[PDB]
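Residue numbers (my numbering), protein chains in the order written: chain V, 953 to 1081; chain D, 953 to 1081; chain H, 953 to 1081; chain R, 625 to 675; chain A, 98 to 207; chain Z, 15 to 144.
All C-beta atoms in this analysis are idealised placements derived from N, C-alpha and C, irrespective of residue type, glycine included.
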Amino acid sequence: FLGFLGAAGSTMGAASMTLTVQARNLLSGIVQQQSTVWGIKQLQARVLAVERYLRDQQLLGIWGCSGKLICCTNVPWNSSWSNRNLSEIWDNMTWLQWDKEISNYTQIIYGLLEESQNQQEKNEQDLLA
Amino acid sequence: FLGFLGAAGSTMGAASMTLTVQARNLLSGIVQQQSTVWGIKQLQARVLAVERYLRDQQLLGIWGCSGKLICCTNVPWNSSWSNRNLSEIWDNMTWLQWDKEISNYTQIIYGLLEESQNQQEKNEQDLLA
Amino acid sequence: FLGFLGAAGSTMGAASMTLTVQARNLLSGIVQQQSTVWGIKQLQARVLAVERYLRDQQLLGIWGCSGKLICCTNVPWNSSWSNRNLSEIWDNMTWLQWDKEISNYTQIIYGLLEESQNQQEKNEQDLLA
Amino acid sequence: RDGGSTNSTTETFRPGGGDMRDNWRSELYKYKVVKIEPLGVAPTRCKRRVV
Amino acid sequence: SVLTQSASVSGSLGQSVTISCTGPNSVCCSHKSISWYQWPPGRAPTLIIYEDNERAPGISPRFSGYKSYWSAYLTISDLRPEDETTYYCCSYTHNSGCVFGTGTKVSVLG
Amino acid sequence: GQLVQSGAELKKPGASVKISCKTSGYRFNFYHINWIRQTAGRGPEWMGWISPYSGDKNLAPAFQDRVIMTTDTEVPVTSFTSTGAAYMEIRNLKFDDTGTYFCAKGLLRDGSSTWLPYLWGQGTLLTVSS
Ligand SMILES: *[C@@H]1O[C@H](CO)[C@@H](O[C@@H]2O[C@H](CO)[C@@H](O[C@@H]3O[C@H](CO[C@H]4O[C@H](CO[C@H]5O[C@H](CO)[C@@H](O)[C@H](O)[C@@H]5O)[C@@H](O)[C@H](O[C@H]5O[C@H](CO)[C@@H](O)[C@H](O)[C@@H]5O)[C@@H]4O)[C@@H](O)[C@H](O[C@H]4O[C@H](CO)[C@@H](O)[C@H](O)[C@@H]4O)[C@@H]3O)[C@H](O)[C@H]2NC(C)=O)[C@H](O)[C@H]1NC(C)=O
Ligand SMILES: *[C@@H]1O[C@H](CO)[C@@H](O[C@@H]2O[C@H](CO)[C@@H](O[C@@H]3O[C@H](CO[C@H]4O[C@H](CO[C@H]5O[C@H](CO)[C@@H](O)[C@H](O)[C@@H]5O)[C@@H](O)[C@H](O[C@H]5O[C@H](CO)[C@@H](O)[C@H](O)[C@@H]5O)[C@@H]4O)[C@@H](O)[C@H](O[C@H]4O[C@H](CO)[C@@H](O)[C@H](O)[C@@H]4O)[C@@H]3O)[C@H](O)[C@H]2NC(C)=O)[C@H](O)[C@H]1NC(C)=O
Ligand SMILES: *[C@@H]1O[C@H](CO)[C@@H](O[C@@H]2O[C@H](CO)[C@@H](O[C@@H]3O[C@H](CO[C@H]4O[C@H](CO[C@H]5O[C@H](CO)[C@@H](O)[C@H](O)[C@@H]5O)[C@@H](O)[C@H](O[C@H]5O[C@H](CO)[C@@H](O)[C@H](O)[C@@H]5O)[C@@H]4O)[C@@H](O)[C@H](O[C@H]4O[C@H](CO)[C@@H](O)[C@H](O)[C@@H]4O)[C@@H]3O)[C@H](O)[C@H]2NC(C)=O)[C@H](O)[C@H]1NC(C)=O
Ligand SMILES: *[C@@H]1O[C@H](CO)[C@@H](O)[C@H](O)[C@H]1NC(C)=O
Ligand SMILES: *[C@@H]1O[C@H](CO)[C@@H](O)[C@H](O)[C@H]1NC(C)=O
Ligand SMILES: *[C@@H]1O[C@H](CO)[C@@H](O)[C@H](O)[C@H]1NC(C)=O
Ligand SMILES: *[C@@H]1O[C@H](CO)[C@@H](O)[C@H](O)[C@H]1NC(C)=O
């Protein structure tokens, strides 16, 4: 085990096997004794952390993945996003340059995910006799 | 696509097909440069939003629906809540007058949901040989 | 029904059948009219509640149990944690003395849970032809 | 109490109100603050569905 | 009483031995719990077996209980010197106190 | 936990005697307290049990009219243990009542054998003679 962000320079698969370390060490909780400028700061920072966490959890849930970590979808990979095969992506690039290469088309992928999940749920509603 | 609350006057089914727009646009995140009365306000409002969101997510989870959006239960629809058939409800009323008609019995339905889910989980615990 | 923490002195099973009362009454929401020392206090307390709740929900999700309440794992009960059989544990001790007896080994159990769930998800990723 | 004299002979009591906190203890004597740890791990004969 | 045990039994070191416990249908066996106790004469007993089969905390796996439709049994495997004493079975349900058997004295030879 | 019974008493036939059973090392209020006797002529005989929590008693028919079982209220020690005391008074003693009497703590807080005597005291010897 390498620690938080330890696999930042690793291959995307090597980092993917240990995403849970980074995901867990994302939320802290650093007690207090503020009972002041410093207090205003500590209170403001407190909110932003769980705020980003809950935004990400909201996104995970509105994609059919409220259970976090690893999930699959019904959305096909449109070749226009990236033209690299599987070996190249998972054993030649790290997650950083990957998100750099796909940041152009991230929100479109997010929309495709939400819509595929909504159609799956409509099918579930249809799915009884 | 009509936008946030766009189907407020639509039939309950027409709005039900696009609940995800309203559900997604429920959480914001409006950065800052407060580094004051205005700051106290912005900080206080920040909390209340995700607070209501987490109360609703708590309710969703304690009903067996932490995955959000659309889910079904084992609770039968007691006719005393509303006497309208399916066509009338889903193609004659909007969600607003619906929640007005059922607000009398909302909490009872919530209790039935939580208890049915708890019994399902007890059955799951029983469910191994 | 006994109420919040009503089964604190009950057997672990008697309390286990009604964990949902304690779990639900864990999150409040006590409005406001602070529009002051009292306001600083009420704002600070507001954060800590949902903060602990979200830490617990984070733990639940990183164990494969974001649906809350009752879930099972692939982790075997190592006898070194406690040597008591099933009858003794579920019908002779309460949850308080239980958590006292197992507090020595809680974090190890949590790590075993997270790792078993991660391996299950890796298997899921492998699980298509 | 006073300062300890010859033991068990006589005991003398004078009233004081040295601090204000004792009044809070006088009305907070029955209360106590605890935090809920809603996370319990326990052994059952249950395993999750195999992948 | 009406719950009869084998009056005496003996077993060799490292072997096993079985004690019986039977009586009328009013006391035995189906729908009635059986417990086993090690009860040296002149001393307080020790619970070995409860709920027919389920052994008391800390009891060695050498001890086992088994209840059929006509009789109940207590099996001691890998006999030791300390197993040489007196043993009792009890018939009980929930609202009725213990009903003890006639008793069995175990002797460990060799 | 430890169960400590009263020592020993000598009583003439027709008299009464009261045996005590002081408890410690466990929550006295939670486990039933049973009273069981042992005589040379009739063997082991279960007499009855009493709940320190509710006061509910269950006496064997042979002792329902001459045995009185009582309990005190538990004296807390920490939170998971306490000290307590139960008493059994047996009257109209006869020669066949001579023997050893035991109080015993139950097995489980819930289940199919809650009252089942699990933790036993050292016993109190009662002699009936002239
Ligand atoms: C940071 O970046 C660097 C650089 O990108 C990256 O290093 C790369 O890591 C990847 C995987 O993590 C490597 O790919 C693997 O390479 C493994 C090692 O190759 C073995 O073979 C070498 C040749 O051995 C011959 O010669 C020696 C004498 O020299 C002789 O004794 C032998 O018998 C044999 O004839 C050998 O020298 C080499 O030894 C180095 O490494 C070992 C530890 O493994 C160490 O003990 C030595 O001291 C020496 O430093 C090594 O033994 C190879 O095993 C592996 O192939 C298996 O695994 C893959 C899965 O990964 C399977 O699919 C496959 O089927 C095999 O089972 C794989 O090829 C890559 O070579 C590294 N280097 C690069 C790319 O330049 C770091 O990991 C990055 N770190 C982080 C944290 O990001
Ligand atoms: C706000 O509230 C209003 C009012 O409540 C609401 O409007 C209602 O919307 C619902 C559904 O959204 C409507 O119900 C549907 O009606 C559809 C339209 O009816 C068609 O038929 C009309 C008659 O056509 C004849 O005559 C013409 C000449 O006039 C001729 O050429 C034809 O060949 C034919 O002979 C026609 O005039 C009408 O045209 C209007 O609408 C079209 C767009 O559809 C537009 O282009 C025109 O300019 C004109 O404005 C229309 O073509 C009907 O198709 C539909 O039936 C199908 O769908 C349902 C599922 O919805 C299926 O179950 C069914 O099997 C069919 O496949 C359905 O009946 C209702 O009529 C509206 N009006 C009311 C209730 O008064 C808005 O939607 C609300 N908006 C929001 C945002 O809340
Ligand atoms: C706080 O702690 C206390 C102490 O630990 C705890 O009390 C224990 O609770 C557990 C379970 O909650 C009890 O275990 C159960 O006991 C049930 C009651 O036993 C029945 O039998 C008694 C004997 O009856 C005979 O005698 C009477 C005359 O006296 C005669 O009429 C009868 O016909 C019969 O011959 C009886 O006296 C007793 O009555 C008491 O309780 C009833 C309510 O039940 C009340 O009406 C009376 O006034 C009196 O107070 C009672 O009827 C028993 O039913 C049960 O067995 C069933 O359930 C289990 C599952 O629990 C099944 O597995 C099993 O197969 C049976 O179906 C079980 O044995 C235990 O006895 C209590 N006492 C202890 C441990 O000392 C509290 O619950 C705790 N409370 C909290 C909130 O934590
Ligand atoms: C894929 O992307 C291209 C270009 O962005 C777009 O035209 C097309 O509609 C997308 N979907 C496909 C090809 O299914
Ligand atoms: C339905 O509601 C009525 C009235 O509120 C109530 O009496 C009844 O118990 C409920 N449940 C049924 C009918 O199953
Ligand atoms: C169980 O615990 C012991 C002691 O903590 C440890 O040595 C062992 O590796 C653990 N796992 C087992 C026995 O599978
Ligand atoms: C039950 O308890 C015994 C000792 O009382 C222990 O050796 C055993 O591991 C426990 N678990 C079982 C038998 O599954």
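By the criterion of a C-beta distance shorter than 7 Å, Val124 of chain A is surrounded in its chain by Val99, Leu100, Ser188, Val196, once the five residues flanking it on both sides are discounted. Secondary structure at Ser968 of chain D: helix, using DSSP grouped into helix, strand and coil. Against chain R, a Cβ distance below 9 Å from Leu1011 of chain H picks out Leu663. Excluding sequence positions up to five before and after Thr1046 of chain D, its CB lies within less than 8 Å of the CB of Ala960, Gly961, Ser962, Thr963, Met964, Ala967, all in the same chain and listed in chain order.
Listed along chain Z is no residue with a C-beta nearer than 8 Å to that of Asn150 of chain A; the closest approach is about 12 Å. Excluding the 5 residues flanking it on each side, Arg105 of chain Z has same chain C-beta neighbours closer than 6 Å at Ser30, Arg80, in chain order. Nothing from the region 1055 to 1079 of chain V brings a Cβ to less than 8 Å from some Cβ of chain H. Every candidate beta strand (DSSP E) stretch fails here, since none sits fully inside the region 970 to 1042 of chain H while reaching 3 residues. Nearest CB-CB separation between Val657 of chain R and chain H: not below the 8 Å threshold. Remark: the shortest separation between the CB of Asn1056 of chain V and any heavy atom of ligand 4 does not fall under 7 Å. Taking non-hydrogen atoms of ligand 3 into account, the C-beta of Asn48 of chain Z is found less than 7 Å away from none of them. Take the alpha-carbon of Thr970 of chain V and the one of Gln1077 of chain H: they are about 14 Å apart. For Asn1075 of chain V, the enclosing alpha helix (DSSP H) covers residues 1058 to 1078. In this structure, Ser1032 of chain V has its CB closer than 7 Å to one or more heavy atoms of ligand 4. Shown here for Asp149 of chain A: same chain residues with a beta carbon closer than 6 Å to its own, the five before and five after excluded, namely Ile131, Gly162, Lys164 in chain order. No Cβ of chain H is located within less than 8 Å of the beta carbon of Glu1040 of chain D. Using a C-beta cut-off of 8 Å, the region 125 to 143 of chain Z makes contact with the region 31 to 49 of chain Z, since at least three inter-stretch Cβ pairs fall below that distance. Residue R:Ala666 holds the alpha-carbon nearest to the alpha-carbon of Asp1043 of chain H among R:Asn631, R:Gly628, R:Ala666.
Contact check between the region 1001 to 1009 of chain V and the region 997 to 1008 of chain H: three or more CB pairs, one atom from each, fall below 8 Å, which counts as touching. Comparing C-alpha distances from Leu1065 of chain V to each of V:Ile982, V:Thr988, V:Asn1030 shows the shortest one belongs to V:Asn1030. In this structure, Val106 of chain A sits near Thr201 of chain A, with a CB-CB distance shorter than 8 Å.
Taking a cut-off of 5 Å from the heavy atoms of ligand 2, the residues with a C-beta inside it are D:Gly961, D:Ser962. Neighbours of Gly125 of chain Z in chain H, taken as residues whose beta carbon is under 8 Å from its own, are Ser1039, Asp1043 in chain order. Taking a C-beta cut-off of 9 Å against chain H, the contacting residues of the region 152 to 167 of chain A are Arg152, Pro154, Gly155, listed in chain order.
For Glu59 of chain Z, the closest alpha carbon among the candidates Z:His46, Z:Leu122, Z:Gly113 is that of Z:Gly113. Note on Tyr45 of chain Z: 16 or more other CB atoms within 10 angstroms of its CB, so buried under the neighbour-count rule.
Residues are counted here when their Cβ sits less than 9 Å from a Cβ of chain V; for the region 1013 to 1027 of chain H these are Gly1013, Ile1014, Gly1016, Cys1017, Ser1018, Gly1019, given in chain order. Taking C-beta separations shorter than 8 Å and ignoring five residues to either side along the sequence, the partners of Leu1021 of chain D in its chain run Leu971, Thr972, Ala975, following chain order. Taking all protein chains in view, the Cβ of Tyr185 of chain A is crowded by 16 or more other Cβ atoms within 10 Å, so the residue is classified as buried. Residue-level contact by beta carbon fails for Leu1048 of chain V and chain H, as no gap is shorter than 8 Å. With a threshold of 7 Å, the Cβ atom of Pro154 of chain A counts as near ligand 7, since some heavy atom of the ligand is closer than that. Flagged as an interface residue toward chain Z: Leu144 of chain A, by a C-beta distance shorter than 8 Å. Taking 8 Å as the threshold, the shortest C-beta distance from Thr988 of chain V to chain H does not fall below it. Inside the region 134 to 202 of chain A, DSSP marks whole beta strand (DSSP E) runs of 3 or more residues at positions 143 to 147, 160 to 164, 169 to 173, 183 to 189, from first to last along the chain. A Cβ of chain R is located within less than 8 Å of the beta carbon of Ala975 of chain H.
Of the residues A:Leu206, A:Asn192, A:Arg177, A:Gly198, the one whose Cα lies closest to the Cα of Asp70 of chain Z is A:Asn192.
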